[PDB]
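Trainee: This is the structure I want to talk about, given as structure tokens.
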Amino acid sequence: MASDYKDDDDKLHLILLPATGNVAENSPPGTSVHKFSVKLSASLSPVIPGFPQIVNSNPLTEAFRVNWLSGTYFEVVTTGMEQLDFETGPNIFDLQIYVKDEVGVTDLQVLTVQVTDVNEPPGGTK
Ligand SMILES: [Ca+2]
Ligand SMILES: [Ca+2]
Ligand SMILES: [Ca+2]
């Protein structure tokens with residue numbers, strides 16, 4: 001009926017199956033965690049600034065954003081409103097990302113973000 005039908009073949013989909021992310025704790029500011037690509041639409045029309053979209057996240061975590069590098073290439077950037085601390089406890093969170101083109105294409109995916117403990121500098125507060 002529909003499930004048997006290859007619905008994916010006759011529709012546009014993102015390049016690089018989603019989705020994983022991993023950075024060395026919150027040590028690097030504004031450093032991309034992972035990059036994802038989108039298949040070129042037949043229309044190939046340009047998209048407005050702020051490529052769609054972050055719909056949800058697994059709490060408690062605030063330090064991520066979407067960076068549209070160009071055309072159909074983008075990556076998630078770390079260190080936003082607040083920084084992430086390993087000592088807090090949580091090390092992984094899933095981000096529900098919604099993707100929409102100008103033509104009206106749609107796709108929802110989950111992006112896991114991992115936090116890795118980073119060693120403090122040899123010099124610092126005594
Ligand atoms: Ca740590
Ligand atoms: Ca630390
Ligand atoms: Ca450490």
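Trainee: Whether any residue in the stretch 71-78 is within 16 Å of ligand 1 (Cβ to nearest atom), in contact with a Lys or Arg (Cβ under 9 Å, 6 or more places away or on another chain) and within 24 Å of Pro29 (Cα to Cα) is what I want to check.
Mentor: Yes: one or more hits.
Trainee: Going through the stretch 97-107 one residue at a time, which ones are part of a loop (DSSP other than H, G, I, E, B) and surrounded by 13 or more Cβ atoms within 10 Å (Cβ to Cβ)?
Mentor: Answer for the stretch 97-107, where residues must be part of a loop (DSSP other than H, G, I, E, B) and surrounded by 13 or more Cβ atoms within 10 Å (Cβ to Cβ): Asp101, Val105.
Trainee: Residues that are within 30 Å of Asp9 (Cβ to Cβ), loosely packed, with under 11 Cβ neighbours inside 10 Å and either among the polar types (S, T, N, Q) or more than 15 Å from ligand 2 (Cβ to nearest atom) (or both): does the stretch 109-124 have at least one?
Mentor: no
Residue-by-condition table, conditions (1) loosely packed, with under 11 Cβ neighbours inside 10 Å; (2) among the charged types (D, E, K, R):
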| site | (1), (2) |
| --- | --- |
| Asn26 | no, no |
| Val33 | no, no |
| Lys39 | no, yes |
| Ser45 | yes, no |
| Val66 | no, no |
| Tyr73 | no, no |
| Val77 | no, no |
| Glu87 | yes, yes |
| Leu95 | no, no |
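Trainee: Also, I was wondering about something else. Going residue by residue through the stretch 69-79, is there one that turns out to be part of a loop (DSSP other than H, G, I, E, B), touching a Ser or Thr at 6+ places or on another chain (Cβ under 6 Å) and β-branched (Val, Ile, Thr)?
Mentor: Scanning the stretch 69-79 turns up at least one residue that is part of a loop (DSSP other than H, G, I, E, B), touching a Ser or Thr at 6+ places or on another chain (Cβ under 6 Å) and β-branched (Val, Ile, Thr).
Every residue, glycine as well, gets a Cβ built from its backbone with ideal geometry; the counts of neighbours run over all protein chains shown. No lab work stands behind these numbers, since they all come straight from the coordinates.
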